[PDB]
Each structure stands twice: as structure tokens, then as C-alpha cells.
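Only one chain comes next, encoded as C-alpha cells, the form deposited in one PDB entry.
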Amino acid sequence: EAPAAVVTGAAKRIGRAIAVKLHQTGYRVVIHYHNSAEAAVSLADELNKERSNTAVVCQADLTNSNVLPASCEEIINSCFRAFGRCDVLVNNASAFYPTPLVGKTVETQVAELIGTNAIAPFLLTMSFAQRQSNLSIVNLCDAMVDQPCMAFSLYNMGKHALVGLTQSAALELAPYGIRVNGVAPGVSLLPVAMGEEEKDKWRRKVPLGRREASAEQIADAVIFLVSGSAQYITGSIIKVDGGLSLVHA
């Protein structure tokens, strides 16, 4: 019988490439999404057209709140409801915007940035583990985590927390046979609306090819980590950054 995976933030971009590859490898998938309702439903349709009832959608805000634990438990439950099992979790959804130290309130920025990047991953991990052979979790981290963007303290705090979770949960879930790893993009899939000039400014920095990663290149590292070729790999974060994190100021 086919394994099943939850991908958070799977409607668009990297999340979508990850769900597509997982599906192409034989997985059934829960396409989680927040606002991108048309993209998610149409993705699930494209995949079900390929193989009947191998995709379902699941909408949820992953901002930190009193209701997040229940929401995360329901995302995991949706995988069991659809597919009767949950073998892989990909924590991909992420809020990303600056939060300078000097019209959202700060407590909302905290809830979105720390919720999506760290707290929701933790809660989903808890539910994933509680509801349980090649089980694993892949967390989407950030290659530049130690050379942070200016004014992005909460985002960066969130991504650091996520490293912490990857390690802590690898240690704690190893006895249940659940591996926990990360993939750390550098710059990938620059926004379509971003001017090519500014796109080129990031591209120029990348040693390998002076270009951004494709979403599929990030997905490839995920597929490796969930494969049986990574059976002894846990607590590892693989950078897929074309050398960007190695470049000094």
C-alpha cells in the first residue's frame, strides 16, 4: 500500500514542487494551504487526475494562538482520514517579512512568524508522533540563518527555533523510528513580480551558476531525506544554496 505525506504550504512554489515530487514517487499527499485556495484545489485535482484519490486539501492558519494545537492535530487527522496512515511530514509553510526593532501589531507579527516557522512545526510533530517502515519529518530551514537579513529578527528567530526542533525531535523520536531532518535553501524561486535587476542582484551572489535554486532542486533534497537512501540520517540539515552561505560580506 502507498505511503502518505503531509506538506504544509503546498499550494505554490517550493511546497508545491515538494508535494508533486512526493506524489510522483508514489506518495498520497495532504496539500495544506492558508489563503491559496484556488492553487491548492487545482493542484489536488491535477494529482487525482493522475491517480484517483491520492490527494486531499486541508486549509489552516498556522499562526500561533489558543486554537493552533487543535488545527495541527486536524491537519494530521486529515491524512489518516484520507489515507489511513501518515508516513512523512514536511514543515514548509512560513511567514516571511521584516520586523524592525526600531499595520500589524508586534504581537501579531510574533504569532505569525514564530507560529508558522517554529510553533506549528512543533505541534504537527507532536501530533504526527502521537498518531503512529520509513517514517520521517523534513523541516524547511534557511541556509543564511547565521547571516540574517537586516530587520528580520522574528523570522530569523523562528528559523533558529526550527533548527532546535529538528535536533530535539530527532533525538526524542529516534526510538520510535522517526527520523527528523532539514533542508536549508539559500535563495530559491525568486518572486515572479520581483524586477529581473534585483533578481540578478541575488543571482550574482551565488557561487554555483549565479542563479537561484529551482523549487524542484529543493524538492530533490526532501525526496532524498525521505528515501530509504537516508535511513541512518537523522538530525541533519542539508543546505541547498549553491554556496551562498559561504560568501563573506
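Sequential numbering from 1, following the sequence displayed. Between two forms, the rigid core is defined as the largest C-alpha subset superposing within 1.5 Å. Only residues modelled in both forms are compared.
Note that the form deposited in another entry isn't included here; everything after this is about it.
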**Core superposition between this form and the one not shown, C-alpha change of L208 at least 2 Å** = no
**Message:** For a quick test of reading the superposition: does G195 move by 2 Å or more at the CA between this form and the one not shown, rigid core aligned?
**Reply:** yes
**Request:** Superpose on the core, then tell me which runs of at least 3 consecutive residues have all their CA atoms shifted by 2 Å or more between this form and the one not shown.
**Result:** 191-198
